[PDB]
Amino acid sequence: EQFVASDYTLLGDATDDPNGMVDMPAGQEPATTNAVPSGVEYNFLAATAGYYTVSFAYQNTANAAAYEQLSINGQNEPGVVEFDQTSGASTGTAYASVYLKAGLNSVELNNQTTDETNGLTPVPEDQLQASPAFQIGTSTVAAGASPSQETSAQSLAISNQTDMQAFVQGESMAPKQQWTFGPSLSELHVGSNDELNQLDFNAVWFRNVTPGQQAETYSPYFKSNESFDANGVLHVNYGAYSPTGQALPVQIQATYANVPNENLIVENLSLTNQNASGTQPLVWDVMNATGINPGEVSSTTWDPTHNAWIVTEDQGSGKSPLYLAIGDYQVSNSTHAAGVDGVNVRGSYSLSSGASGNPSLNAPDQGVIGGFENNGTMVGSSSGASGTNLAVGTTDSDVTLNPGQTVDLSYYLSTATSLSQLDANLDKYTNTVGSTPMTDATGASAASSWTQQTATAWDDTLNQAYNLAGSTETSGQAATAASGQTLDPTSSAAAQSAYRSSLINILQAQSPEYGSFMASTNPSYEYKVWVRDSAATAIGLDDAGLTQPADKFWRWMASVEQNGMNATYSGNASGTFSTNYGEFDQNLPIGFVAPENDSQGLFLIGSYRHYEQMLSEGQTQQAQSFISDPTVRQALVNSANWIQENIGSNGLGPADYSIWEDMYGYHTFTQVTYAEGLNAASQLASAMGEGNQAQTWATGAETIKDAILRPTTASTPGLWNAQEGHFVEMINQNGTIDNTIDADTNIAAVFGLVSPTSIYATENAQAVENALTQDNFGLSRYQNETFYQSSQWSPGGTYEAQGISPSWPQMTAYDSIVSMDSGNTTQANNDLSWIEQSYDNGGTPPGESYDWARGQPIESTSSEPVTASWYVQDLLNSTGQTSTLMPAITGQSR
Amino acid sequence: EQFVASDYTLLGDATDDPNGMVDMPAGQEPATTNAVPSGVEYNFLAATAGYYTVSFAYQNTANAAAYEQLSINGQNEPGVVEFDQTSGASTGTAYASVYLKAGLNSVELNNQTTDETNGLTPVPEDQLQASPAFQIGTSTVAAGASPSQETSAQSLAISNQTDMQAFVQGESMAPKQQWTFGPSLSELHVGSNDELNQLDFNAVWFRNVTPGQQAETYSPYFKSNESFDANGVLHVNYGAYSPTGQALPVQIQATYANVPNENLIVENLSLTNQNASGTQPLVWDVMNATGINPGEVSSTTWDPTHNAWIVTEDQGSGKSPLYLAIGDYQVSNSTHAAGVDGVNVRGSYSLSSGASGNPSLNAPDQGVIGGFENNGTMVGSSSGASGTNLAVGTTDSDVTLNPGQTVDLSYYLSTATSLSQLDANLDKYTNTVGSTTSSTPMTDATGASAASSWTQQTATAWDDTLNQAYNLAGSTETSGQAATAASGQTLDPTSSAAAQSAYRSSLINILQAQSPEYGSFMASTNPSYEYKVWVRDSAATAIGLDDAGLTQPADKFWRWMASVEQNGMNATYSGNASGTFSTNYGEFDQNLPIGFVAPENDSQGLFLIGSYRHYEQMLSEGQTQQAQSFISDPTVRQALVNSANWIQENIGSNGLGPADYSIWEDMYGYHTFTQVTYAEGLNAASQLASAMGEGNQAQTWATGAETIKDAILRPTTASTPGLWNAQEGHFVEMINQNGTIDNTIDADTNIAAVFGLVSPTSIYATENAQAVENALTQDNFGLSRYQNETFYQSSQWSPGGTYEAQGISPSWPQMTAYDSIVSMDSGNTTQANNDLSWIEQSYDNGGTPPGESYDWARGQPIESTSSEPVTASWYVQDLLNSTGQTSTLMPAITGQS
Ligand SMILES: C[C@H]1O[C@H](O[C@H]2[C@H](O)[C@@H](O)[C@@H](O[C@H]3[C@H](O)[C@@H](O)[C@@H](O)O[C@@H]3CO)O[C@@H]2CO)[C@H](O)[C@@H](O)[C@@H]1N[C@H]1C=C(CO)[C@@H](O)[C@H](O)[C@H]1O
Ligand SMILES: C[C@H]1O[C@H](O[C@H]2[C@H](O)[C@@H](O)[C@@H](O[C@H]3[C@H](O)[C@@H](O)[C@@H](O)O[C@@H]3CO)O[C@@H]2CO)[C@H](O)[C@@H](O)[C@@H]1N[C@H]1C=C(CO)[C@@H](O)[C@H](O)[C@H]1O
């Protein structure tokens, strides 16, 4: 439904504008005598309760963001709606996802931004007070949740599925990041030497040289968002120039295309003059500049044929050098320079200083970048250069930007282990896909063709995945009901976007060499592999029918299992895993919290489900290949024997730190993975040539199950509080009960260790919903828990989440799964809508957490593949395309 | 269910105490690195969703209140739980009413007091940071809502039902009150000269003179609560001495008994040493001191027979003086002094200064009070004194207070128009009830018994009055009228203890706020609203009394309202023509119109509706002579007919009556609320037509009622707009002066369904009810008047000062009551009962009906207009409607008969 300006009730100093829009006044409503909110209100009739997206068309030509409080039914929504500076004469759209009641809902936008959680404002108070006067037009209310507008992922990886990962990062990746620089392509990891970051940065500078205007270089100090399209191409949308607070009158968009089964990254910059029709055309110079890893002694010569710098970069002791081409698809207006930066790009401007002034005006006229920042002329050699701190650049000059007419400028990166291979690459990548000196025409077409090939290649990969039942997806595998299930199609556009975004994001975060997943695409978690996260990630890919990349992961996990050579206790014996591994090595264990004994079970569960999934898709050769692989078979058997042998006299396996990694004891979560691990082992027994062990493992699975379900008040305590109707966190080392309600205890019902309709499942689910809910359907891990809030361990800095016990989409996912399975589809669908609005700008799966105080996903660990997986498991479970359930544990082998 | 200390999960620096209780740490959780909440948590299984009372046994031996954030299911409840200083070795109980979900609920108390609404903390930040270390014991979760613990009424009236009203007031009656002094009996209005406040104050000073301790006078600068018991006796419970922040080791309680059909006010002070058994007994001196109205030239002589100061107080030009006796029921150890205060009792200590020090230590050794404050010896004459600024006092000395042994000290007030009548009064009131006239000297024995007997007679007399009211169906009330269903209805009994307390408290509070001379109700018992009579409030109040079967005090009101109707002799427009009422009248005059917001045209209709319901109620109770007397009284009959003719004649071209300011008094236009009163007014007139000797007018008025009803229900999009938004499914606030629609959703539009102008099951009723619930709900079942409304918050008009309510659009129990009535009538009893529970926790400390508003940000009723009889009435209408003992519905408007 559409609400035009004339449908609004005006409040306070909100006035009608002669131009038909509404004038919103500057500033925050003070707590003074007769103070009233200024803004707009209207009423919307909701046919059914649930999530709707509320949008406002607006203009903001000031050099600061405006903030308004969204209020539904007189209740201030978490956080404030941000109205960012709009380019030239363009109209922006601000939007929020809100839970509406059935029937009439009041929708109000006002300057009452004065509420606090935990003594904090959702954005700094000084920015709420500096909120400038701006204009709003039409409001829209549409059915369905939308991703967070205000919070974007600020670090994402692009993979070629073979040997090359690049990271594209905004100017700030976490609140606590003191340095500012971006957006940029800042990391490059290639198979030949995967640990090494080949680059310092590859980034784009813009210079206005419009006749009659003050010439000025805009360096990479922009607010930005970034997200994948449906076809695996990464989009970066530029906002305000942070140092001046200006929306430049040109809209800047960049796409990065890492071409699968090639060695090419295409960068496409779209420049659109957003000034009114008939205004003086703008003229811009654009520099694409690359700093090589400063420590690596490197040399470069110009290649005039391919219009590229050819770099030889040393790789350290005893390793062959890497050869890189950094090219410019524009020829006629292109100049080139090699030498030094001439500036510290990460020491020129800090976001903390606000609109402190364009740092380009302070740059000395030295180096490739200093020169361009200073007067638009790169300083250095047009032939070549050599040393540490090597920099190269290409400038495209006198680019005419007419009102409303998009101009594309493209650049490229290729790597090879030999100059001869790089030259062959360059002949390929400076021409169209099918297809000597490159022209403006052949360059433009090459960039287009290879960008399109990226899209085609990712489409062919994602066509191995199931179509979402009821969606407009047709090119994938036929939507099929899983065992036990009935198809339950969804027409939800939000579900289709999130499903697609989730799959592409999981695959782009997978090591192309090794098959291990980055737990987070943000360096806050050091790109480390958590074996739990990756296992749970692969379970999701299998559910989605993506058995190939899943298979690559399961075989990797088998290969890195600890064989017990250096065993000192059960936690690192045969059949166990390191909590962490490196993302850029075949097998580099990294010391972290230990023991975590959930990985054994999840390995068995996921491998079992992977085997069965391949059989379900008729991939019988691939299934037989997997289960008969000596490494997989031995790894699975060792893990099974570990759980079986380490069952104690109380029927529980060893104490651990488990999923939250924060307390030692007999955790319900890990105990469930033990029981279901042995269940999985029993199921696989015959196929692993271990038929005689099937009954032992089935008995083991029942023994641990019976221990979990045993009352806490029994003579030998179990993990079930019968008095309160919920699982406990854990039994402590000394036999006392940690009675804390933990949303992760829904894992019992998720795997079907208890039936989802059992008293155990329904009572536990109700306890968790009752005690751990924030923002309607956000579930906390447990109460009085400060990770992302006060905790020093908070990866993005303290109070990134302001509300204690932040909401975790993974926990909301468990609730949705258990709710769906027990016939409560209302709760299941509300949960899915909630997870969809926990996603970041442009539909990127978020990190671990969501600040229920601010209505914002956490930036610092966006994006987290395991979160994407749990959404996919949740959604496909709700359409009956998967069942998260394992076979019932009975103590009988099949 | 009970949760002992050992059932708690301890958080942060909360520790087990060797003594079996839990040590809660000092201070507020800061916003610093690794900061964690300190406190306790446990889980409670609720069989059914709804309101429960959560209690904590505790001790606080510091000289500051402790505050904790109550958190249910990880959601901070509105405001903070206050843990006040505990006397000696006593154990206190802190409690909150909370909505629980079906199944498991987490109950947590912690120091995370850092949340803000509208940039404000629910108590001053410095007090949250100063929250001292204290100990908690057992927690209790009990089914049902309880009144607000933290907020008390701070001004209540006691009536003798004939000719005397006294006001008993705490040290502060509103946040904006800059002066501090109380508790006291501060106002006294007698029938002979009702406008005049006879007193400055009558108050009690306490002096510790315990051997071996530093002697010190505690003046009336105490935190206190006050509420009526079931029998119309007013209780004042003393808290901390504000100037030192100390809970004195003696628990002080005062009862005030204004004896009906007499001229006596008894003050009973209960002193209970709360120190441990076997500790040194304490010794106290107690002064009861009275300042006369300072402006009135007065004289006093001592009466040693009755042990009282006899005051002659001038009344102004052309009026005979009033005679007062201020007496001491203690004769042994009594001294007496007359003269001047010697101090400004309202300029000695301010609450704003915090624990600034005992102001008694700064008092000069001058005057009755200065002297007692200074060294325990009143300064003045033991014979008499004369002038302006007259003060008198009696001190009772060497009162021994043993651990746990309550000692009663009693004082008295009597007034008369002649010294001869005062002497007769004094013989009566210094002896036990039904004593033969004795003018012999009062002794310690006769005094103690007199105080007791006259206090008991107050209880008996109010019991006889309230026994004319219906027993609440399903309650333990038996001494009242038999619980009866209203015609066509079935009894729906309630075993709710909360309902019984609130019902009883509501009735006694309404009657204690009625003018004994005139029958008009004070809109508020708090001077913020100048004790003015709002004719709407009083009409709606009387409707509630009639529902409760209290037809006598209702009848006294309806006859008064008839008598003060404007006859139109000086009419300048429709708003003050024949059949209209002044928005305000004086509470201390027969007929003193007071200029306020005008016109308000809702009073005409409410007069007709309430008079109709009053007539029918008397018939229902077999009071046929009283019914016939009422409807045939020339004043009542003419007043009703004039109001009916006013509504009929003033129906405009759109079928709506004249524009007005209506119930909220804040906007001019064609308000749905007032239009409903027009339509139902004519309905009432039609019903009464034959009994008023106006049978020929019955059909005209019935047609009028239908005409206005049809206009209300006419769509806003019709060529001539009505008040029904068909697109959005709700009534609009009003049509504006210029014919535009004010589309604002207003909870008062539920009045249509309350009176049955639309059936409660109609699409109109259910859609409007849903719109109001959806848009105007705070704190689960609190309903705002309308959105973006700053009365009690930012508004300069806020009677208790700005931001008394921190949350914009405060919750109004009257609006929650309408929702409960409409919900019950449409079969949604869950919503109806949740609403009743919500109103019950909107009541003030000790079960006093609140004022108009409740701050949904702080979980506290507003102090500044506590208590408001109309709020009490709407709860009574709501409750009796839910038990089927009344129906708020009028006969269906059809246009027939
Ligand atoms: C990522 C992780 O962050 C937090 O973990 C911290 C631990 O709780 C601390 O106790 C501390 O562990 C250190 C030991 O104290 C020290 O003695 C030594 O053994 O080194 C340990 C590692 O530093 O420091 C940890 C932070 O580094 C937080 O408590 C925990 O919940 C977080 N875990 C989540 C993250 C991921 C990765 O995506 C998931 O795999 C988990 O399931 C999440 O729970
Ligand atoms: C008690 C009443 O207080 C508030 O009313 C204020 C009005 O909103 C203002 O308009 C202003 O009225 C003045 C006029 O502006 C002026 O032209 C002249 O007519 O004098 C008027 C007298 O001051 O000031 C008013 C306060 O003085 C508030 O808006 C309103 O809602 C309040 N009414 C409630 C109080 C009672 C008393 O129990 C009930 O009868 C009503 O139902 C409540 O609505």
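Atoms within each ligand, like the ligands themselves, are counted from 1 in listed order. So that the names make sense, note that chain A is the first sequence line, chain B the second, and so on, each numbered from 1.
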Undergrad: Can you pull out the closest protein heavy atom to atom 40 (O) of ligand 2? Residue, atom name and distance to 0.1 Å, please.
TA: B:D537 OD1, 2.6 Å
Undergrad: Among all protein heavy atoms, pick the one closest to atom 42 (O) of ligand 2 and tell me residue, atom and distance.
TA: B:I663 O, 2.7 Å
Undergrad: Please compare A:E785, A:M663, A:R781, A:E661 and report which has the shortest non-hydrogen distance to atom 8 (O) of ligand 1.
TA: A:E661
Undergrad: Which ligand 2 atoms are under 4.0 Å away from a heavy-atom of B:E868?
TA: 37 (C), 38 (O)
Undergrad: Looking only at distances, please establish whether an N/O atom of ligand 2 is found under 3.5 Å from an N/O atom of B:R536.
TA: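 Min N/O separation from ligand 2 is below 3.5 Å for B:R536.
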Undergrad: Parallel, tilted or perpendicular: which fits the ring planes of B:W812 and B:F791, with parallel below 30° and perpendicular above 60°?
TA: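 B:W812 and B:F791: tilted rings.
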Undergrad: Show me which atoms of ligand 2 lie under 4.0 Å from any heavy atom of B:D666.
TA: 8 (O), 29 (O)
Undergrad: Please identify each residue that fulfils ring-ring contact (aromatic ring centres under 6.0 Å, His included) with A:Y581, with sequence neighbours left out.
TA: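 In terms of ring-ring contact (aromatic ring centres under 6.0 Å, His included), with neighbours along the sequence ignored, A:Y581 is linked to A:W556.
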Undergrad: Look at atom 27 (O) of ligand 2 and say which protein heavy atom is nearest, naming residue and atom and giving the distance to 0.1 Å.
TA: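 The protein heavy atom lying closest is B:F596 CE1, 3.6 Å.
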Undergrad: Taking heavy atoms and a distance under 4.0 Å, where does B:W664 meet ligand 2: side chain, backbone, both or neither?
TA: both
Undergrad: Could you list which atoms of ligand 2 come closer than 4.0 Å to a heavy atom of B:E852?
TA: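 Near B:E852, meaning under 4.0 Å from one of its heavy atoms, ligand 2 has 34 (C), 35 (C), 36 (C), 37 (C), 38 (O), 39 (C), 41 (C), 43 (C).
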Undergrad: For atom 5 (O) of ligand 2, state whether the nearest protein heavy atom is under 4.0 Å away.
TA: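 No, because not a single protein heavy atom sits under 4.0 Å from atom 5 (O) of ligand 2.
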Undergrad: Any idea which of A:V593, A:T861, A:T786 brings a heavy atom closest to atom 21 (C) of ligand 1?
TA: A:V593
Undergrad: Considering only the protein, which heavy-atom contact is closest to atom 3 (O) of ligand 2, and what is its distance?
TA: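 Result for atom 3 (O) of ligand 2: B:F791 CZ, 3.3 Å.
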Undergrad: B:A523 heavy atoms, cut-off 4.0 Å: which ligand 2 atoms fall inside?
TA: 38 (O)
